[PDB]
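[1] From the sequence below, what's the structure:
(4 chains, ligands or ions: 7)
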Amino acid sequence: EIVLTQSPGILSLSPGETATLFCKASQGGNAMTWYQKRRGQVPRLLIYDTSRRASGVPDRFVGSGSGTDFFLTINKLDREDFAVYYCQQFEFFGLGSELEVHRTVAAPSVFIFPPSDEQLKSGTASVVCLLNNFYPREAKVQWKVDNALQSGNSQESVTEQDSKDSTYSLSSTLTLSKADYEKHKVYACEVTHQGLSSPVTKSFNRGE
Amino acid sequence: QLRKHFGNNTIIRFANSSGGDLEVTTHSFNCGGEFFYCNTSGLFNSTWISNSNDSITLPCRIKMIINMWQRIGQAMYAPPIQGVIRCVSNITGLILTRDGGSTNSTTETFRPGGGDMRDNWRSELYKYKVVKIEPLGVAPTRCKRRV
Amino acid sequence: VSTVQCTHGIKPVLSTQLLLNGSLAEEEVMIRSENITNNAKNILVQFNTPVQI
Amino acid sequence: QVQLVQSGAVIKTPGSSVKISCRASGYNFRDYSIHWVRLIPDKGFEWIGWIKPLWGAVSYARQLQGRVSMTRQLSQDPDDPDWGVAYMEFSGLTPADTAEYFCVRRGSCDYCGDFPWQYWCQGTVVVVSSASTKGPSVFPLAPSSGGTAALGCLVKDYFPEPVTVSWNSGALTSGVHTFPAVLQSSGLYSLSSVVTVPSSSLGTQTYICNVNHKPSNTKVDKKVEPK
Ligand SMILES: *[C@@H]1O[C@H](CO)[C@@H](O[C@@H]2O[C@H](CO)[C@@H](O[C@@H]3O[C@H](CO)[C@@H](O)[C@H](O[C@H]4O[C@H](CO)[C@@H](O)[C@H](O)[C@@H]4O)[C@@H]3O)[C@H](O)[C@H]2NC(C)=O)[C@H](O)[C@H]1NC(C)=O
Ligand SMILES: *[C@@H]1O[C@H](CO)[C@@H](O[C@@H]2O[C@H](CO)[C@@H](O)[C@H](O)[C@H]2NC(C)=O)[C@H](O)[C@H]1NC(C)=O
Ligand SMILES: *[C@@H]1O[C@H](CO)[C@@H](O[C@@H]2O[C@H](CO)[C@@H](O)[C@H](O)[C@H]2NC(C)=O)[C@H](O)[C@H]1NC(C)=O
Ligand SMILES: *[C@@H]1O[C@H](CO)[C@@H](O[C@@H]2O[C@H](CO)[C@@H](O)[C@H](O)[C@H]2NC(C)=O)[C@H](O)[C@H]1NC(C)=O
Ligand SMILES: *[C@@H]1O[C@H](CO)[C@@H](O)[C@H](O)[C@H]1NC(C)=O
Ligand SMILES: *[C@@H]1O[C@H](CO)[C@@H](O)[C@H](O)[C@H]1NC(C)=O
Ligand SMILES: *[C@@H]1O[C@H](CO)[C@@H](O)[C@H](O)[C@H]1NC(C)=O
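    Residues are numbered from 1 along each chain as shown, chains lettered A, B, ... in the order given. Ligands and ions are numbered 1, 2, ... in the order given. Take a look:
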């Protein structure tokens, strides 16, 4: 069994430059084939027998490689040439290589949405941390219940990079039983970024 | 000599088939004027683990309206043969195929394969090539037409 | 390599899964395929001794 | 043109079995192999099987033995040879089989192999979930009273997807964020949807979250205001 490896995972790179993607075979073989997936758009064949073009592939995709290391390069990186790429030998696949939009750092405006009585009348309430308008996509967003760390009761989702601002959001939840929220008082989250020199928390004490 | 292509310490197994028509799940003949389709699930069934007179019987079907190469709207018919039929033949070769999904096991499995006639002919005319004979040639020397 | 006028007489027999009345090998069994690691390629096997039926 | 029309979107329970069809046209259907591939949302591609027409010879993966089976339907018309229909039956479904299935053909070639995939069908999603069809409720979100602040609603515990949520019916579109569906809490999804407005207009206007869960014909409208 051949195992295919790809690097980097995310390549943050600005338009007008070059971008060089890597796939590594484990057995010294012959050829490789590359596909293009545009954010959910029925994946298309890109490079073919390691250096030939498929039908309708522009000249900006130049295939290259030999032995166990194989390359892809886009010479003038456009805005539509941001996608996720895959390499294939006979029936074995890689894991992916994602192209994103580069931008300077920013700071998300932290919120804390209080647990309403609207959901606690059903028995499970929602304490919703909520970050908006930031980049990079990675963040370490923690939370605390009566100043004590919890786990296993959260479902956190990120979003995608916008076409107008090129930023990100994040929304975590802390779903507990109705005995558990009125038991405690001090509710707060925690926000931590590369672009923040200090940890930021906000609070909502229950009953107060 | 499969193990020189895959590895010494591997396990080699034979399975039988996985579906299709009678032309590719079974063994087809053309002997004596009739068309036999024998069930070969008794030959391709064993494992191999890297360490007299009893014959294997194969049941066999007969049909007389065949469509060879599956052309649209065409079919043949073989007239019946008067008397019982007898045949003797040699088996010189197989056409296997390999399954190969992406798992980590050390157990290969090889199955017999059927329907493409170019494997019957490519297994016989393999040692040949046709060449062209170009008679004219030029070479430098010291000859001088003598004016 | 040796030039030949006409090839030996092949017997056209149309069979599947097994090659009947074929030509034998010379010393050992000859396993023969195109891109061995490719699944969709068939594997041609050729015997040095005939197996009767 | 080489067309590959695959149908269709299916929701089933665990333990069941699905049959997925794939109609081809624009080429001689009796000549070219047809691969079947599956695209896991968190594992990437996975090759299901491989069918060769003109006789129907098949081969599968070895991790999908005993479950998959596929066949075809040859057009029999002496004055129309260029179409055909393939099938695939994928039995023994579990919730971890939910993904998007494809029916992929290669291209015309001189010096290449079989697996380079040129023509792609649109795909179809096979959902395996024991949850039954249920409407969404709606729950408001706001601050208590300069700087911008998040109004929004919570659309919790529905099945199946998709919910289309509009704002003030529906021209309030700027500053509007949606999240992808929060995963299964006992088999049910939720959607967060928040809208940023300057904090002066919170005490002025009445804001409306228009949930439209179409497969259950549910429609709710919560007013959002600083409580
Ligand atoms: C693989 O090779 C073997 C070796 O040659 C081959 O076996 C041969 O099969 C043919 C079948 O036609 C045999 O020919 C027949 O032999 C019998 C023997 O008694 C004769 O009676 C037959 O004569 C009749 O032929 C016609 C049949 O209707 C009539 O028109 C005619 O009037 C006679 O009634 C006929 O000669 C042949 O003898 C054998 N060879 C040997 C050495 O036994 C086998 O067929 C090959 N395998 C395949 C799949 O073809
Ligand atoms: C050989 O092939 C046959 C069919 O070509 C397989 O037979 C099936 O066996 C299962 C038992 O596992 C039965 O439930 C099916 O009804 C059989 N099929 C038919 C058409 O009767 C068989 O599994 C294969 N392998 C072996 C070792 O015999
Ligand atoms: C080919 O032969 C095998 C046996 O040599 C058949 O397998 C049998 O299938 C029937 C159908 O249920 C069972 O009752 C028998 O018990 C099976 N035999 C064995 C040994 O398991 C197989 O079905 C035959 N092929 C076809 C297409 O019928
Ligand atoms: C089928 O196989 C047999 C066995 O090889 C062939 O018969 C002859 O067998 C003797 C064994 O004593 C060999 O020495 C001969 O070389 C074989 N051939 C001949 C022509 O005598 C038989 O010929 C084979 N069938 C065909 C059609 O070749
Ligand atoms: C497999 O066996 C052959 C038999 O001679 C030997 O030459 C070869 O080195 C062996 N390979 C391994 C990996 O043991
Ligand atoms: C297949 O192999 C099993 C195990 O050796 C054996 O019991 C069975 O009889 C074989 N099938 C046929 C049809 O001979
Ligand atoms: C199979 O091997 C041949 C040998 O020349 C090579 O040209 C071809 O690219 C190989 N096929 C694949 C699919 O790698």
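[2] Start from the N-terminal end of chain A and give the helices.
    A:117-120, A:178-181 (DSSP state H).
[3] What is the last one packed up against?
    Helices and strands touching helix A:178-181, as assessed by 3 or more CB pairs under 8 Å, 6 or more residues apart in numbering or on different chains; DSSP states H and E, comprise strand A:124-125. Quick note: C-beta positions are derived from backbone N, CA and C, even for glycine.
[4] The strand it packs on close to chain D?
    No: on the criterion CB under 8 Å from any CB of the partner chain, strand A:124-125 is out of touch with chain D, staying 8.7 Å away.
[5] partner strands of that strand, parallel or antiparallel?
    Here strand A:124-125 is paired, per DSSP bridges, with strand A:176-177 (antiparallel).
[6] Would you tell me which residues of chain D are close to chain B?
    Taking CB under 8 Å from any CB as the test, the list of chain D residues beside chain B reads D:30, D:46-47, D:52, D:54-64, D:69, D:71, D:74-78, D:81.
[7] now, which of those residues lie close to chain A?
    Near chain A, by the rule CB under 8 Å from any CB, you find D:46-47, D:61 out of the residues of chain D next to chain B.
[8] out of these, who has the most neighbours?
    Using other CB atoms under 10 Å in any protein chain shown as the neighbour test, those are led by residue D:47, with 24 neighbours.
[9] what about the nearest residue to that residue once chain neighbours are set aside, neighbour count?
    Once flanking residues are discounted, residue D:47 sits nearest to residue A:91: 4.6 Å by CB to CB, 6 or more residues apart in numbering or on different chains. Using other CB under 10 Å, residue A:91 has 22 neighbouring residues.
[10] quick one, what contacts residue A:91?
    B:100-102, C:39, D:47, D:61, D:115 (CB atoms under 8 Å, 6 or more residues apart in numbering or on different chains).
[11] Which of the residues you listed sits closest to ligand 7?
    Checking the contacts of residue A:91 against ligand 7 by CB to the nearest ligand atom gives residue D:115 as the nearest, at 7.3 Å.
[12] My guess is that closest one contacts residue A:88. True?
    Yes: using CB atoms under 8 Å, residue D:115 is in contact with residue A:88, at 6.6 Å.
[13] Can you check which residues contact both of these two?
    Shared contacts of residue D:115 and residue A:88 (CB under 8 Å, 6+ apart): residue A:33.
[14] Outline the domain layout of chain D.
    D:3-128, D:137-224 (curated CATH domains).
[15] what would the ones you listed look like in a markdown table with distance to residue A:196?
    Converted to a markdown table, those look like this (distance: least, CB to CB, whole Å):
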| stretch | distance to residue A:196 |
| --- | --- |
| domain D:3-128 | 30 |
| domain D:137-224 | 18 |
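[16] out of the ones you listed, nearest to ligand 3?
    Using CB to the nearest ligand atom, the nearest of the domains of chain D to ligand 3 is domain D:3-128, at 14.0 Å.
[17] Of all residues in chain D, which one is nearest the centre?
    Among the residues of chain D, the one closest to the centroid is residue D:125, at 4.3 Å (CA atoms, centre = their mean).
[18] What are the contacting residues of the helix or strand containing that one?
    Using DSSP states H and E, residue D:125 sits in strand D:124-128. Applying CB under 8 Å, 6+ apart, the contact partners of strand D:124-128 are D:6-14, D:16, D:18, D:20, D:90, D:93-101, D:160.
[19] One more: stretch D:63-77?
    Stretch D:63-77 has contacts (CB under 8 Å, 6+ apart) with B:19, B:70, B:72-73, B:101-103, D:29-30, D:34, D:36, D:48-49, D:51, D:53-54, D:56, D:58, D:60-61, D:81-92.
[20] Next, find the distance separating the most centrally placed residue in chain B from residue D:207.
    Residue closest to the mean C-alpha point of chain B, counted by CA atoms, centre = their mean, is residue B:95 at 4.0 Å. As judged by CB to CB, to the nearest Å, residue B:95 and residue D:207 stand 71 Å apart.
[21] Residue A:185 - how many residues pack around it?
    When neighbours are counted by other CB under 10 Å, residue A:185 registers 14.
[22] and chain B, which of its residues are near chain A?
    Contact residues (CB under 8 Å from any CB) of chain B with chain A: B:100-104.
[23] Would you mind giving those residues as a markdown table with secondary structure, neighbour count and distance to residue B:43 added?
    Formatted as a markdown table, these follow (DSSP: H, G, I helix; E, B strand; the rest coil; neighbours: other CB atoms under 10 Å in any protein chain shown; distance: CB to CB, whole Å):
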| residue | secondary structure | neighbour count | distance to residue B:43 |
| --- | --- | --- | --- |
| B:100 | coil | 20 | 22 |
| B:101 | coil | 20 | 24 |
| B:102 | coil | 16 | 29 |
| B:103 | coil | 11 | 26 |
| B:104 | coil | 6 | 29 |
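[24] ok, and of these, which contact chain C?
    Contacts with chain C are made by residue B:100 out of these, judged by CB under 8 Å from any CB.
[25] Give me the sheet partners of the lengthiest strand in chain B and which way each runs.
    Secondary structure of chain B per DSSP state E: the longest strand is strand B:90-98. Under the criterion DSSP bridges, strand B:90-98 sits next to strand B:107-112 (antiparallel), strand C:18-20 (antiparallel), strand C:43-46 (antiparallel), strand C:51-52 (antiparallel) in its sheet.
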